[PDB]
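Asks: Enclosed is the structure file work.tsv (TSV, N, CA and C atoms).
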```tsv
chain	number	residue	atom	x	y	z
V	1	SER	N	126.68	98.77	95.32
V	1	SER	CA	125.94	100.03	95.43
V	1	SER	C	124.98	100.01	96.63
V	2	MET	N	123.92	99.20	96.55
V	2	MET	CA	122.94	99.09	97.63
V	2	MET	C	123.46	98.18	98.74
V	3	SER	N	122.98	98.40	99.97
V	3	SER	CA	123.39	97.60	101.12
V	3	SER	C	122.22	96.76	101.64
V	4	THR	N	122.52	95.53	102.09
V	4	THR	CA	121.49	94.62	102.61
V	4	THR	C	120.49	94.27	101.51
V	5	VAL	N	119.97	93.04	101.53
V	5	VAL	CA	119.00	92.60	100.52
V	5	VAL	C	117.66	93.30	100.74
V	6	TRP	N	117.16	93.25	101.97
V	6	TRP	CA	115.88	93.87	102.33
V	6	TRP	C	115.89	94.22	103.83
V	7	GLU	N	114.93	95.05	104.25
V	7	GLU	CA	114.83	95.45	105.66
V	7	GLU	C	113.85	94.55	106.41
V	8	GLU	N	114.39	93.67	107.26
V	8	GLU	CA	113.56	92.74	108.04
V	8	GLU	C	112.90	93.48	109.21
V	9	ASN	N	111.62	93.85	109.04
V	9	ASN	CA	110.89	94.56	110.08
V	9	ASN	C	110.65	93.67	111.30
V	10	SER	N	110.15	92.44	111.07
V	10	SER	CA	109.87	91.48	112.15
V	10	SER	C	109.11	90.23	111.62
V	11	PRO	N	108.05	90.38	110.81
V	11	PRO	CA	107.27	89.20	110.29
V	11	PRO	C	108.09	88.35	109.30
V	12	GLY	N	107.40	87.45	108.57
V	12	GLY	CA	108.06	86.59	107.59
V	12	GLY	C	108.32	87.38	106.31
V	13	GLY	N	109.57	87.35	105.84
V	13	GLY	CA	109.96	88.07	104.62
V	13	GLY	C	109.28	89.46	104.51
V	14	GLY	N	109.15	90.17	105.65
V	14	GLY	CA	108.51	91.49	105.66
V	14	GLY	C	107.14	91.44	104.99
V	15	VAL	N	106.31	90.45	105.35
V	15	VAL	CA	104.99	90.31	104.74
V	15	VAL	C	104.10	91.54	105.01
V	16	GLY	N	103.58	92.17	103.94
V	16	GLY	CA	102.65	93.30	104.09
V	16	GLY	C	103.34	94.65	104.35
V	17	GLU	N	104.67	94.66	104.54
V	17	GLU	CA	105.39	95.91	104.86
V	17	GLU	C	105.41	96.89	103.67
V	18	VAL	N	105.78	98.14	103.97
V	18	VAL	CA	105.86	99.19	102.96
V	18	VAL	C	107.34	99.49	102.67
V	19	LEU	N	107.80	99.13	101.47
V	19	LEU	CA	109.18	99.37	101.07
V	19	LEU	C	109.33	100.82	100.62
V	20	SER	N	109.66	101.70	101.58
V	20	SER	CA	109.81	103.13	101.29
V	20	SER	C	111.28	103.55	101.31
V	21	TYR	N	111.69	104.24	100.25
V	21	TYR	CA	113.06	104.74	100.10
V	21	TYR	C	113.03	106.27	99.99
V	22	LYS	N	114.05	106.94	100.54
V	22	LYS	CA	114.11	108.41	100.52
V	22	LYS	C	115.24	108.88	99.60
V	23	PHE	N	114.98	109.97	98.88
V	23	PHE	CA	115.90	110.51	97.88
V	23	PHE	C	116.91	111.56	98.38
V	24	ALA	N	118.15	111.46	97.87
V	24	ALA	CA	119.19	112.43	98.15
V	24	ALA	C	119.13	113.57	97.10
V	25	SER	N	118.76	113.22	95.85
V	25	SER	CA	118.64	114.17	94.76
V	25	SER	C	117.91	113.49	93.58
V	26	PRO	N	117.44	114.21	92.56
V	26	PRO	CA	116.71	113.59	91.41
V	26	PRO	C	117.57	112.58	90.64
V	27	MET	N	116.92	111.53	90.12
V	27	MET	CA	117.60	110.49	89.37
V	27	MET	C	116.65	110.00	88.26
V	28	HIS	N	117.17	109.70	87.06
V	28	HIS	CA	116.30	109.27	85.98
V	28	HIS	C	116.01	107.77	86.11
V	29	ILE	N	114.78	107.35	85.78
V	29	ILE	CA	114.39	105.93	85.91
V	29	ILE	C	113.96	105.38	84.55
V	30	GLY	N	114.31	104.11	84.28
V	30	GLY	CA	113.96	103.47	83.01
V	30	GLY	C	113.13	102.21	83.23
V	31	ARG	N	113.71	101.22	83.92
V	31	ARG	CA	113.01	99.96	84.18
V	31	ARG	C	113.44	99.36	85.52
V	32	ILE	N	112.62	98.43	86.03
V	32	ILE	CA	112.92	97.76	87.31
V	32	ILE	C	112.93	96.24	87.12
V	33	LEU	N	113.90	95.56	87.74
V	33	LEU	CA	113.97	94.09	87.66
V	33	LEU	C	113.76	93.52	89.06
V	34	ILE	N	112.95	92.46	89.18
V	34	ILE	CA	112.68	91.87	90.50
V	34	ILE	C	112.71	90.34	90.44
V	35	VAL	N	113.59	89.72	91.24
V	35	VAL	CA	113.68	88.27	91.30
V	35	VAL	C	112.95	87.75	92.56
V	36	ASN	N	112.05	86.78	92.38
V	36	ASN	CA	111.28	86.22	93.49
V	36	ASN	C	112.03	85.07	94.15
V	37	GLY	N	112.44	85.27	95.41
V	37	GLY	CA	113.16	84.25	96.17
V	37	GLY	C	114.28	83.63	95.34
V	38	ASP	N	114.83	82.52	95.84
V	38	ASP	CA	115.92	81.81	95.15
V	38	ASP	C	115.44	81.21	93.81
V	39	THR	N	114.12	81.04	93.66
V	39	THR	CA	113.53	80.48	92.44
V	39	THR	C	114.13	79.08	92.15
V	40	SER	N	113.89	78.13	93.06
V	40	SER	CA	114.39	76.77	92.89
V	40	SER	C	113.41	75.92	92.08
V	41	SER	N	112.15	75.86	92.55
V	41	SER	CA	111.11	75.11	91.89
V	41	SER	C	109.75	75.61	92.37
V	42	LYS	N	108.71	75.30	91.62
V	42	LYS	CA	107.35	75.70	91.99
V	42	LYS	C	106.94	75.01	93.29
V	43	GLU	N	107.31	73.73	93.46
V	43	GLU	CA	107.00	73.02	94.70
V	43	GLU	C	107.61	73.81	95.87
V	44	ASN	N	108.79	74.40	95.62
V	44	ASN	CA	109.48	75.22	96.60
V	44	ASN	C	108.69	76.52	96.84
V	45	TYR	N	108.01	77.03	95.80
V	45	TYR	CA	107.22	78.26	95.92
V	45	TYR	C	106.11	78.04	96.96
V	46	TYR	N	105.51	76.85	96.95
V	46	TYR	CA	104.46	76.52	97.92
V	46	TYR	C	105.05	76.55	99.34
V	47	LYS	N	106.29	76.07	99.45
V	47	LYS	CA	107.02	76.05	100.72
V	47	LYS	C	107.78	77.39	100.95
V	48	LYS	N	107.67	78.33	100.00
V	48	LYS	CA	108.36	79.62	100.09
V	48	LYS	C	107.38	80.80	100.02
V	49	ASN	N	107.82	81.96	100.52
V	49	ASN	CA	107.00	83.17	100.51
V	49	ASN	C	107.21	83.94	99.21
V	50	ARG	N	106.10	84.36	98.59
V	50	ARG	CA	106.16	85.10	97.32
V	50	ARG	C	105.46	86.46	97.45
V	51	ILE	N	106.01	87.47	96.77
V	51	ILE	CA	105.44	88.83	96.80
V	51	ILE	C	103.99	88.81	96.29
V	52	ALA	N	103.71	87.95	95.29
V	52	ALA	CA	102.37	87.82	94.71
V	52	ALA	C	101.96	89.12	93.98
V	53	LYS	N	101.57	90.15	94.74
V	53	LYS	CA	101.16	91.43	94.15
V	53	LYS	C	101.89	92.57	94.85
V	54	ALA	N	102.09	93.68	94.14
V	54	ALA	CA	102.78	94.83	94.71
V	54	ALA	C	102.46	96.11	93.93
V	55	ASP	N	102.20	97.20	94.66
V	55	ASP	CA	101.90	98.48	94.04
V	55	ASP	C	103.09	99.43	94.20
V	56	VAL	N	103.73	99.78	93.08
V	56	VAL	CA	104.88	100.67	93.10
V	56	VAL	C	104.50	102.00	92.45
V	57	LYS	N	105.03	103.06	93.03
V	57	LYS	CA	104.75	104.42	92.56
V	57	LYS	C	105.94	105.37	92.74
V	58	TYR	N	106.05	106.39	91.86
V	58	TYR	CA	107.10	107.40	91.97
V	58	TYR	C	106.40	108.75	92.19
V	59	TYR	N	106.73	109.44	93.28
V	59	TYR	CA	106.11	110.74	93.57
V	59	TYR	C	107.19	111.81	93.71
V	60	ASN	N	106.78	113.10	93.75
V	60	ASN	CA	107.69	114.25	93.86
V	60	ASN	C	108.13	114.65	92.45
V	61	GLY	N	109.10	115.56	92.32
V	61	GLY	CA	109.56	116.01	91.01
V	61	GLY	C	108.49	116.76	90.19
V	62	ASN	N	107.21	116.65	90.59
V	62	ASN	CA	106.07	117.31	89.93
V	62	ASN	C	104.78	116.57	90.35
V	63	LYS	N	104.52	116.52	91.67
V	63	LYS	CA	103.34	115.83	92.20
V	63	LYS	C	103.33	114.36	91.68
V	64	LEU	N	102.14	113.78	91.45
V	64	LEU	CA	102.03	112.40	90.96
V	64	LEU	C	102.54	112.33	89.51
V	65	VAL	N	103.67	111.63	89.26
V	65	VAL	CA	104.20	111.52	87.89
V	65	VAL	C	104.14	110.08	87.38
V	66	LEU	N	104.29	109.09	88.29
V	66	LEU	CA	104.22	107.68	87.89
V	66	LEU	C	103.42	106.87	88.91
V	67	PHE	N	102.68	105.87	88.43
V	67	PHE	CA	101.88	105.01	89.29
V	67	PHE	C	101.46	103.74	88.54
V	68	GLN	N	101.77	102.57	89.12
V	68	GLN	CA	101.43	101.29	88.49
V	68	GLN	C	101.56	100.13	89.48
V	69	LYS	N	100.83	99.05	89.21
V	69	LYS	CA	100.86	97.85	90.06
V	69	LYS	C	101.42	96.66	89.27
V	70	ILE	N	101.90	95.64	89.99
V	70	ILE	CA	102.47	94.45	89.36
V	70	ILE	C	101.83	93.17	89.94
V	71	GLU	N	101.85	92.10	89.14
V	71	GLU	CA	101.29	90.81	89.54
V	71	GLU	C	102.03	89.69	88.80
V	72	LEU	N	102.09	88.49	89.40
V	72	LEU	CA	102.80	87.36	88.78
V	72	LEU	C	101.84	86.37	88.08
V	73	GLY	N	100.54	86.44	88.40
V	73	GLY	CA	99.53	85.57	87.79
V	73	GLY	C	99.96	84.09	87.72
V	74	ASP	N	100.95	83.69	88.54
V	74	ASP	CA	101.43	82.30	88.57
V	74	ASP	C	101.95	81.85	87.19
V	75	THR	N	103.22	81.43	87.15
V	75	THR	CA	103.86	80.96	85.92
V	75	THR	C	105.30	80.54	86.25
V	76	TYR	N	105.91	79.71	85.41
V	76	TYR	CA	107.28	79.27	85.65
V	76	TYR	C	108.23	80.47	85.68
V	77	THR	N	109.17	80.44	86.63
V	77	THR	CA	110.14	81.52	86.79
V	77	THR	C	111.53	80.98	87.13
V	78	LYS	N	112.52	81.86	87.00
V	78	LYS	CA	113.92	81.54	87.28
V	78	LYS	C	114.78	82.80	87.17
V	79	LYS	N	114.60	83.55	86.08
V	79	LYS	CA	115.34	84.79	85.86
V	79	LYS	C	114.55	85.96	86.48
V	80	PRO	N	115.20	87.03	86.94
V	80	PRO	CA	114.48	88.18	87.56
V	80	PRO	C	113.45	88.81	86.61
V	81	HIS	N	112.27	89.12	87.15
V	81	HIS	CA	111.21	89.75	86.37
V	81	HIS	C	111.67	91.12	85.91
V	82	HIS	N	110.88	91.78	85.06
V	82	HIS	CA	111.26	93.10	84.55
V	82	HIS	C	110.04	93.96	84.18
V	83	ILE	N	109.84	95.05	84.92
V	83	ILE	CA	108.75	95.98	84.64
V	83	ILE	C	109.29	97.09	83.73
V	84	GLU	N	108.50	97.57	82.76
V	84	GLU	CA	108.95	98.61	81.86
V	84	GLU	C	108.24	99.93	82.14
V	85	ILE	N	109.01	100.95	82.56
V	85	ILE	CA	108.45	102.26	82.83
V	85	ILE	C	108.66	103.14	81.58
V	86	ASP	N	107.87	104.20	81.47
V	86	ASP	CA	107.93	105.10	80.32
V	86	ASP	C	109.35	105.63	80.02
V	87	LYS	N	110.31	105.47	80.95
V	87	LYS	CA	111.70	105.93	80.74
V	87	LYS	C	111.74	107.34	80.11
V	88	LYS	N	111.31	108.37	80.86
V	88	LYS	CA	111.33	109.75	80.34
V	88	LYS	C	110.95	110.77	81.42
V	89	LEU	N	111.65	110.71	82.56
V	89	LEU	CA	111.41	111.64	83.66
V	89	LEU	C	112.32	111.29	84.82
V	90	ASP	N	113.01	112.29	85.43
V	90	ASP	CA	113.81	111.93	86.60
V	90	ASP	C	113.25	112.66	87.82
V	91	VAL	N	112.82	111.85	88.75
V	91	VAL	CA	112.33	112.25	90.05
V	91	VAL	C	112.71	111.12	91.00
V	92	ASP	N	112.77	111.30	92.33
V	92	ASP	CA	112.82	110.09	93.12
V	92	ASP	C	112.12	110.24	94.47
V	93	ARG	N	111.13	109.39	94.62
V	93	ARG	CA	110.41	109.13	95.84
V	93	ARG	C	109.99	107.70	95.64
V	94	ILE	N	110.37	106.70	96.45
V	94	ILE	CA	109.90	105.34	96.09
V	94	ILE	C	108.99	104.74	97.14
V	95	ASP	N	107.80	104.37	96.66
V	95	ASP	CA	106.79	103.73	97.48
V	95	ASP	C	106.42	102.40	96.83
V	96	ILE	N	106.78	101.29	97.47
V	96	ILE	CA	106.47	99.97	96.94
V	96	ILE	C	105.76	99.19	98.04
V	97	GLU	N	104.46	99.05	97.89
V	97	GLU	CA	103.63	98.38	98.90
V	97	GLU	C	103.17	96.98	98.47
V	98	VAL	N	103.50	95.97	99.29
V	98	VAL	CA	103.07	94.60	99.05
V	98	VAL	C	101.80	94.37	99.89
V	99	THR	N	100.72	93.88	99.28
V	99	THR	CA	99.45	93.72	100.01
V	99	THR	C	99.29	92.33	100.62
V	100	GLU	N	99.83	91.29	99.98
V	100	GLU	CA	99.70	89.93	100.50
V	100	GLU	C	100.70	88.99	99.83
V	101	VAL	N	100.70	87.74	100.30
V	101	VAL	CA	101.57	86.70	99.76
V	101	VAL	C	100.77	85.39	99.65
V	102	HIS	N	101.26	84.45	98.83
V	102	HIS	CA	100.56	83.17	98.65
V	102	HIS	C	101.23	82.04	99.44
V	103	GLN	N	100.43	81.36	100.27
V	103	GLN	CA	100.88	80.24	101.09
V	103	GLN	C	101.83	80.68	102.20
V	104	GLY	N	103.03	81.16	101.83
V	104	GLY	CA	104.02	81.61	102.82
V	104	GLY	C	104.11	80.63	104.01
V	105	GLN	N	104.53	79.39	103.74
V	105	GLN	CA	104.61	78.35	104.77
V	105	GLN	C	105.85	78.47	105.68
V	106	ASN	N	107.02	78.72	105.09
V	106	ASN	CA	108.26	78.80	105.87
V	106	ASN	C	108.35	80.08	106.71
V	107	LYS	N	107.73	81.17	106.24
V	107	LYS	CA	107.78	82.44	106.98
V	107	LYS	C	109.24	82.86	107.21
V	108	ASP	N	109.76	83.74	106.34
V	108	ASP	CA	111.15	84.22	106.42
V	108	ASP	C	112.12	83.18	105.85
V	109	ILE	N	112.20	83.14	104.52
V	109	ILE	CA	113.06	82.20	103.81
V	109	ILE	C	114.38	82.89	103.34
V	110	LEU	N	114.83	82.64	102.09
V	110	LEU	CA	116.05	83.24	101.57
V	110	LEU	C	115.76	84.63	101.01
V	111	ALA	N	116.67	85.57	101.25
V	111	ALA	CA	116.50	86.93	100.77
V	111	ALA	C	116.87	87.00	99.29
V	112	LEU	N	115.89	87.41	98.47
V	112	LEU	CA	116.07	87.52	97.01
V	112	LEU	C	117.43	88.12	96.64
V	113	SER	N	117.87	87.92	95.39
V	113	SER	CA	119.16	88.45	94.95
V	113	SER	C	119.23	89.96	95.21
V	114	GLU	N	118.15	90.67	94.82
V	114	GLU	CA	117.96	92.14	94.99
V	114	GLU	C	117.24	92.70	93.76
V	115	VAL	N	116.24	93.56	93.99
V	115	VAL	CA	115.50	94.18	92.90
V	115	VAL	C	116.30	95.37	92.36
V	116	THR	N	116.41	95.47	91.04
V	116	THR	CA	117.19	96.56	90.42
V	116	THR	C	116.29	97.72	89.98
V	117	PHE	N	116.81	98.94	90.13
V	117	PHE	CA	116.07	100.15	89.74
V	117	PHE	C	116.95	101.04	88.85
V	118	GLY	N	116.42	101.40	87.67
V	118	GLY	CA	117.16	102.26	86.74
V	118	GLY	C	117.23	101.64	85.34
V	119	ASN	N	118.11	102.18	84.50
V	119	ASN	CA	118.29	101.69	83.13
V	119	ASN	C	119.72	101.20	82.91
```
Represent the structure of the file as structure tokens.
Replies:
Amino acid sequence: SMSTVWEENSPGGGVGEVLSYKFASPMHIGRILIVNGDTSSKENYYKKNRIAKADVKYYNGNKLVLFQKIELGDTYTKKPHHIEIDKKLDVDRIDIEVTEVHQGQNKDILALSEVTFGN
């Protein structure tokens, strides 16, 4: 369905960039899944770039309809994360802004499997 893992603007793993997507027509949304890097080991996390925090929002369809932020608070990982949205409205405007990353030693590592959007 989707093409390319992510859009490489120029910095390491698109650090600080704004992941903006444009809509062709309305679509219903339920939940989003996000996997952080290859997820090999925590020692690897220190040597790898992590999203850390990210603010995602859905606009249009009726002005501001959805708005929420995400955080990892540090913890063991391996399977893709999963955010739960109210699942009861179809609009599409996607704004996902990452504010910073932790350590980010390698600068531009492996491109995550891909974040999923929908139900």
Asks: From the options V:31, V:81, V:57, V:50, which residue's atoms come nearest to residue 101 of chain V, counting all atoms listed in the file?
Replies: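 Closest to residue 101 of chain V, using all atoms listed in the file: V:50.
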Asks: Find, counting only N, CA and C atoms, the residue in V:107, V:87, V:79, V:102 that gets nearest to residue 45 of chain V.
Replies: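 Once distances to residue 45 of chain V are computed over only N, CA and C atoms, the minimum belongs to V:102.
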Asks: List as a list in words the residues having at least one atom at most 8 Å from position (120.0, 104.7, 89.0) as given in the file, counting all atoms listed in the file.
Replies: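 Result, sorted by chain then residue number: residues 27, 28, 29, 30, 116, 117, 118 and 119 of chain V.
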Asks: To one decimal in Å, tell me the separation between atom N of residue 4 of chain V and atom N of residue 111 of chain V.
Replies: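 So the answer is 11.6 Å.
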Asks: When you draw a straight line from atom CA of residue 39 of chain V to atom CA of residue 70 of chain V, how long is it in Å?
Replies: 18.1 Å
Asks: Let's see if you can do this: from backbone DSSP, list all alpha helix (DSSP H) residues in segment 17-99 of chain V, as a PyMOL selection string.
Replies: chain V and resi 42-46
Asks: Mind pulling up the distance from atom CA of residue 58 of chain V to atom C of residue 12 of chain V?
Replies: 24.7 Å
